[PDB]
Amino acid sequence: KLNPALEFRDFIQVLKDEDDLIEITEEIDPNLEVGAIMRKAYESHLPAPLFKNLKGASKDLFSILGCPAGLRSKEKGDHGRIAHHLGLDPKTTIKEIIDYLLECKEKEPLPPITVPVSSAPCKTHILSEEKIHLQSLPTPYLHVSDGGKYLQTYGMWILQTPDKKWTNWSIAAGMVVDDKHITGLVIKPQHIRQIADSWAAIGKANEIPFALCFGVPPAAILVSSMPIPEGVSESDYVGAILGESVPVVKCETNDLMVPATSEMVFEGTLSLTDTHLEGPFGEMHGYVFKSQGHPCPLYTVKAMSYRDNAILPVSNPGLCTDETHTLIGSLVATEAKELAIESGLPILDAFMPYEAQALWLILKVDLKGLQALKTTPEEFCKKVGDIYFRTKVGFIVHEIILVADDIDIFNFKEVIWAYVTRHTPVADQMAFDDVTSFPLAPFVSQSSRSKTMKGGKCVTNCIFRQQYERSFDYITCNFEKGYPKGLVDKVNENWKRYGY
């Protein structure tokens, strides 16, 4: 019996059973080759590559699994890979996946369970400080012009507060610096930064304990990507999704708990006072820019542990569609739907289209609910923007687009139609000048707005004026919706006989 949500290796096996994984046995260079193969597979929605013979590898360190949450063909279920991180039927839609995650918020949180070390495959091999050699690993060089090799693209950073009440799991990119050090972005408003600032506040900025875990339970890596509330430990919600506690063991060199079935675990201390230049790194909007960036904190690795024949999962970001659109975007959408429900807005669904590179959040609006409020477009846009852009859930989003409930927001052909035909350029767009800008957006990073970090965000009204007051019946001029059902069925029936 396979349990893909609880075991990374069972997740591999079910993708094999669905012919959605290719074991590549010939020699592949971690320098560019891995990365280009991944981009080709993401962009035509093809099977996930599993590289078994990397140039420079040892028997144990490591294989690479690329594209762990890319899209695949509609026949097998196109979001199948996502659905298997949650233990759901491979044909489940992304609307359904979202509404499942919201149901699991109502279930009892189950905290992790400690198990004996001999039951943790992550403890099979252990390396102390003098045996750590990060430059000897077959780490990938993923994009032309990247500043280094990125070991950490699909692992889980684990940090805990000084008072021990909140342990955080999240994903952020991590670059190998030298034989013992990794560096990466630690920016507001992310929780990794909030926890580090709390270590600085009690005098320990140069010695923050961390763990970095690869090939965790798939449900854990997906909740690592999700912006749940401050103070809530990811592990307890992951337990609710699994229906059982995640099994964990303690680190060798600190008090943190790591999943027992991890492929690889790195441990150490993070310093906010000892910094290094990071990047460049190809990013979720499709670009490598040569900008040297701010200097970033340094992670010092002091121990590692791993399984026999260990597998590193990898994400290679860029043009749609990859994990930075299917996870970051759809998990912002999950929490955006939750926020509409708690603040009383009449939203049926939310979604971040892949074609818009996770910059556009579409809200599908219930028209009876909207009419009950007896409001105007100007007041509704302000209320919505104030809810979303002044909170952490809104951070990556630069344009919020409001459409009526006759639009399938999960179909980008319906969304681009409503966008160009139902909003007046400029006049139907409300600017928010004083809110936090998203620094990765290229129109921000490559402007003066990078110095100031405020504004450039908008709410765009694609709801007709009459739709705020009452019913408004119009015909949509295509085959499926423009003609009555009986005629559609008759044309579909006689299609062959006509001569097609």
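Start at 1 with the first residue shown and count on from there.
*Asks:* So, looking at the entry's B-factor column for Cα atoms, which has the higher mean, 35-43 or 470-478?
*Replies:* According to the entry, 470-478 carries the higher average C-alpha B-factor.
*Asks:* Can you tell me which stretch has the higher mean Cα B-factor, 307-315 or 336-344?
*Replies:* Higher mean C-alpha B-factor: 336-344.
*Asks:* Using the entry's values, work out which of 159, 265, 387, 396 has the largest Cα B factor.
*Replies:* That would be 387, according to the entry.
*Asks:* Sorting 236, 323, 355, 378 by Cα temperature factor from the record, which one lands on top?
*Replies:* So the option with the highest C-alpha B-factor is 378.
*Asks:* Which third, lowest, middle or highest, does the CA B-factor of residue 255 fall in along this chain?
*Replies:* It falls in the bottom third of the chain.
*Asks:* Among the modelled residues of its chain, does the C-alpha B-factor of residue 146 lie in the lowest, middle or highest third?
*Replies:* According to the entry, residue 146 has a C-alpha B-factor in the chain's lowest third.
*Asks:* Using the B-factor values recorded in the entry, state whether the Cα atom of residue 295 falls in the lowest, middle or highest third among the modelled residues of its chain.
*Replies:* Within its chain, residue 295 is a highest-third residue by C-alpha B-factor, going by the deposited values.
*Asks:* Ranking the modelled residues of this chain by C-alpha B-factor as given in the entry, is residue 117 in the lowest, middle or highest third?
*Replies:* According to the entry, residue 117 has a C-alpha B-factor in the chain's highest third.
*Asks:* Ordered by C-alpha B-factor within the chain, which third holds residue 87? Give me lowest, middle or highest, please.
*Replies:* Middle third by C-alpha B-factor.
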